[PDB]
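>>> this one is an experimental structure. Sequence first:
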Amino acid sequence: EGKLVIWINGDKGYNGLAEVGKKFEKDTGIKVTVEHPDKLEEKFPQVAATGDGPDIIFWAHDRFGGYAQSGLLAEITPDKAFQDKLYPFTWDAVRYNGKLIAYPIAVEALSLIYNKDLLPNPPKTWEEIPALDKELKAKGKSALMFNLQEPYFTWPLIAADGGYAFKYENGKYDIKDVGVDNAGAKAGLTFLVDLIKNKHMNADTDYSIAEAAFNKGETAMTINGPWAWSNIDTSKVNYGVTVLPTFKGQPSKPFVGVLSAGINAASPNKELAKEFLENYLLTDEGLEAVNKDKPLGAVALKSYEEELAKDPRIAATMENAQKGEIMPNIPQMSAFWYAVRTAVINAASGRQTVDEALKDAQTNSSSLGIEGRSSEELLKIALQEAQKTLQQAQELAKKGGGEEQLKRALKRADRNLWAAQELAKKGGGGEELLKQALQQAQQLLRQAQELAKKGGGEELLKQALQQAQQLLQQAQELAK
Ligand SMILES: OC[C@H]1O[C@H](O[C@H]2[C@H](O)[C@@H](O)[C@@H](O)O[C@@H]2CO)[C@H](O)[C@@H](O)[C@@H]1O
């Protein structure tokens with residue numbers, strides 16, 4: 001009621017954003033706190049659904065259509081003059097059902113980052129990387145390392161030869177036509193899996209491992225976004241940023257995200273949030289402050305983009321963006337991402353073959369009927385009740401010794417979760433991923449009950465409850 005809370009991902013320039021907040025605080029008297037919670041994309045909708053959460057949330061635009069559909073975002077009202085300050089295509093990215101639901105900040109696209117000293121001439125094709133790695137392994141180095149845990153990083157290769165999320169036709173995205181299991185997607189993922197099988201990459205490589213390896217000069221290349229350049233400048237690596245390699249003669253196609261800022265519909269400070277975003281952040285000085293901390297990439301603000309236009313790294317970011325595709329913002333994007341995430345991890349680990357993995361990804365992300373609609377809504381209600389009861393258990397876990405109360409709260413949450421599994425069970429095929437999420441959530445709740453009964457793991461209890469909430473929210477987004 002007199003303070004602004006902002007949530008932004010941990011890989012962005014939250015410290016630079018805090019500086020913009022200090023300037024706002026000096027002019028208005030409103031304190032601005034910037035936070036970077038883990039699993040932010042899932043945490044926000046969970047807490048905002050109950051009327052809580054930050055006043056402002058930052059994330060690529062793909063998650064915003066789902067937030068808007070759930071009524072978690074306030075309608076933004078920038079006047080014509082302000083709108084003219086940003087590129088029209090960035091505004092298009094934050095339009096849902098005909099209305100603007102967030103403020104665009106920057107255009108992000110993955111690029112190939114390489115060590116100029118280990119590799120003066122980067123590979124123009126993915127096909128030449130296996131031979132390049134064998135050559136570098138002789139020097140105790142590797143050719144390429146990038147996050148294989150988030151599908152965002154493998155998607156450029158998957159889409160290169162034909163893979164796609166939702167087919168765009170008639171001006172809309174057909175949620176029944178998913179392209180994660182066509183020949184193009186299979187070819188791309190098989191190539192990735194072959195790199196692992198042939199020991200050119202490790203299936204367990206995640207974000208931090210690849211970043212540390214590249215910045216320490218252990219690998220010749222990595223695939224990342226503009227936010228990562230800052231840490232590379234700090235290291236002793238002479239790097240270049242360029243176009244991603246082609247696959248079967250076609251450009252890699254990264255899914256392009258427009259980092260955007262939305263205003264929580266539950267915020268009691270909507271006018272102050274608008275003032276902060278329009279008059280403080282979306283100004284040359286404001287974006288400069290954030291950019292200085294962690295590069296934003298190409299920005300939506302025309303005046304500042306003109307100051308970044310001479311940066312070769314930004315030209316590369318723009319080239320890759322032009323070759324990729326702007327992500328859809330439809331509510332089904334969460335399910336798509338989770339489905340593909342599961343498929344890539346299973347195919348990479350060997351749990352499933354590429355064909356099996358992508359077949360399930362297609363079934364899980366793709367959408368008698370009435371009966372399904374009724375049960376779907378009831379399932380969502382059961383999960384919302386479970387999330388609410390759970391959020392209460394998290395409170396009893398913060399302080400106090402109400403072991404009896406916490407036990408009851410977890411049981412109630414558990415009963416509602418069990419009811420959802422029952423409703424999903426009868427749901428039939430197509431919701432296998434949803435069922436596994438609910439089952440995993442159940443395990444965590446049982447583990448939480450055990451911890452509460454033993455009392456020697458207060459922190460582990462909170463952690464188990466948060467992981468449970470995260471899975472329940474993902475389950476909500478998987479429901480169809
Ligand atoms: O990997 C799936 C994930 O991809 C995108 O998330 C990106 C985000 O856009 C970037 O700003 C940066 O934070 O890296 C993320 C990947 O770890 C989608 O925006 C997100 O919805 C999706 O789950």
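Everything's here; your move. Numbers count the residues shown, from 1 in each chain.

>>> can you name the residues in contact with the one helix or strand residue 472 maps to?
Assigned by DSSP states H and E, residue 472 belongs to helix 458-478. Under the contact criterion C-beta atoms under 8 Å, 6 or more residues apart in numbering, helix 458-478 has outside partners 39, 42-43, 45-46, 66, 331, 334-335, 338, 364, 380, 383-384, 386-387, 390-391, 393-394, 397-398, 417, 420, 431, 433-434, 437-438, 440-441, 444-445, 447-448, 451-452. C-beta here means a position set from N, CA and C on the backbone, and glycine is covered the same way.

>>> let's see it at 6 Å
Helix 458-478 is contacted from outside by 39, 42, 45-46, 334-335, 338, 383, 387, 390, 394, 397, 433-434, 437-438, 440-441, 444-445, 447-448, 451, using C-beta atoms under 6 Å, 6 or more residues apart in numbering.

>>> sort out which of those are buried, if you could.
Listed as buried from those are 42, 45-46, 334-335, 338, 383, 387, 390, 394, 397, 433-434, 437-438, 440-441, 444-445, 447-448, 451; burial here means 16 or more other C-beta atoms under 10 Å.

>>> of these, which belong to helices?
42, 45-46, 334-335, 338, 383, 387, 390, 394, 397, 433-434, 437-438, 440-441, 444-445, 447-448, 451 (DSSP state H).

>>> separation between residue 33 and residue 382?
34 Å (C-beta to C-beta, to the nearest Å).

>>> more neighbours, the two?
residue 382 (20 against 14; other C-beta atoms under 10 Å).

>>> quick check: closest non-adjacent residue to the more buried one.
residue 420 (4.2 Å; C-beta to C-beta, 6 or more residues apart in numbering).

>>> what helix or strand does the one you found sit in?
Going by DSSP H and E, residue 420 is in helix 403-425.

>>> list the helices and strands that helix packs on?
Other helices and strands packing on helix 403-425, by 3 or more C-beta pairs under 6 Å, 6 or more residues apart in numbering; DSSP states H and E, are helix 369-398, helix 432-454.

>>> need the contact list for the residue of the chain positioned farthest from its centre.
Here the chain reaches farthest from its C-alpha mean at residue 404, the gap being 37.5 Å by C-alpha atoms, centre = their mean. By C-beta under 6 Å, 6+ apart, residue 404 lies in contact with nothing.

>>> that's a strand at residue 57, yeah?
Yes. Assessed with DSSP: H, G, I helix; E, B strand; the rest coil, residue 57 lies in a strand.

>>> so it sits right up against residue 262, yeah?
Yes. Using C-beta atoms under 6 Å, residue 57 is in contact with residue 262, at 5.1 Å.

>>> quick check: the gap between the residue farthest from the centre of the chain and residue 462.
Distance, residue 404 to residue 462, using C-beta to C-beta: 18 Å.

>>> the helix or strand hosting residue 258 near the ligand at all?
Using DSSP H and E, residue 258 sits within strand 255-263. Yes. Using C-beta under 6 Å from any ligand atom, we find that strand 255-263 touches the ligand at 257, 259.

>>> for that strand, which strands pair with it and how are they oriented?
Strand 255-263 pairs in its sheet with strand 56-60 (antiparallel), strand 103-108 (antiparallel), strand 325-326 (parallel), by DSSP bridges.

>>> so what's the residue count around residue 333?
For residue 333, using other C-beta under 10 Å, the count is 24.

>>> what does residue 429 give?
Counted with other C-beta under 10 Å, residue 429 comes out at 6.

>>> so what's the backbone phi/psi at it?
Phi and psi for residue 429, reported as degrees, to the nearest 10, are phi -60, psi 160.

>>> ok, now how distant is it from the ligand?
24 Å (C-beta to the nearest ligand atom, to the nearest Å).

>>> ramachandran angles for the nearest residue to residue 48 once chain neighbours are set aside?
In space, and not counting its chain neighbours, residue 48 is closest to residue 72: 4.3 Å by C-beta to C-beta, 6+ apart. Main-chain torsions, residue 72, degrees, to the nearest 10: phi -90, psi -10.

>>> please report how far residue 72 lies from residue 316.
Taken as C-beta to C-beta, the span from residue 72 to residue 316 is 35 Å.

>>> who has more neighbours out of the two?
residue 72 (23 against 20).

>>> tell me who's in contact with that one.
45, 48, 265.

>>> about what we covered before: ok, then the element right after the strand holding residue 258?
Strand 255-263 is succeeded, C-terminally, by helix 270-275 (DSSP H and E).

>>> give me the number of residues near the residue nearest to residue 382?
Neighbours of residue 420 (other C-beta under 10 Å): 27.

>>> for the stretch 51-200 of the chain, which residues are neighbours of the ligand?
Counting by C-beta under 6 Å from any ligand atom, the residues of the stretch 51-200 of the chain that sit close to the ligand are 60, 62, 63, 108, 150, 151, 152.

>>> what's the burial count for the fifth one?
Residues lying near residue 150 (other C-beta under 10 Å) number 16.

>>> same check, this time on the second one
The number of residues packed near residue 62 is 25, by other C-beta under 10 Å.

>>> same thing with the first one?
Residue 60: 23 surrounding residues under other C-beta under 10 Å.

>>> do the same with the fourth one
For residue 108, the count of nearby residues is 25 (other C-beta under 10 Å).

>>> which residues touch it?
Shown in contact with residue 108 (C-beta under 6 Å, 6+ apart): 225, 257, 259, 297.

>>> swap in the third one?
Applying C-beta under 6 Å, 6+ apart to residue 63 gives the contacts residue 41.
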